[PDB]
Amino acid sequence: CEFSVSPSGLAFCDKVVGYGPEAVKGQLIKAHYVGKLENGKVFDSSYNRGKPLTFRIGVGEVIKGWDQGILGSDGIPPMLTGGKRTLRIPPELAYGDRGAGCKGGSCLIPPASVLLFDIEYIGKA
């Protein structure tokens, strides 16, 4: 899985190219995913939550890396319905210096964490 690195640092690898239409801004979509830190620790997954994440893409409902990494951006083609994509997201397009899932200064997602996501774009909701 060698990533294609976009100008922003957002990198991706289409492990399985979708068979359907590309994602469109404002659309409510369904996605299964596994999120891991660079040491391999899984910090969140749709599977653990027992359901897909249905959300509106491209409107700031999720981290910038997801909006850009799924809808596409300079250097990043959009995901297609039914595709599987791995994203490498720099902190600036994720949770930055704040981190996420914090208890005081200790966070499930440490500050300045690069995030790895395996995303399965199932399709529209």
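Position 1 is the first residue in the sequence shown; the rest follow in order.
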Mean B factor on CA atoms, stretches 53-61 and 91-99, record says higher is 53-61
Once average C-alpha B-factors are taken from the entry for 114-122 and 1-9, the winner is 1-9
Highest CA B factor of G75, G40, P78, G82, as deposited, is found at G40
Entry-reported C-alpha B-factor of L108 relative to its chain, by third, is middle
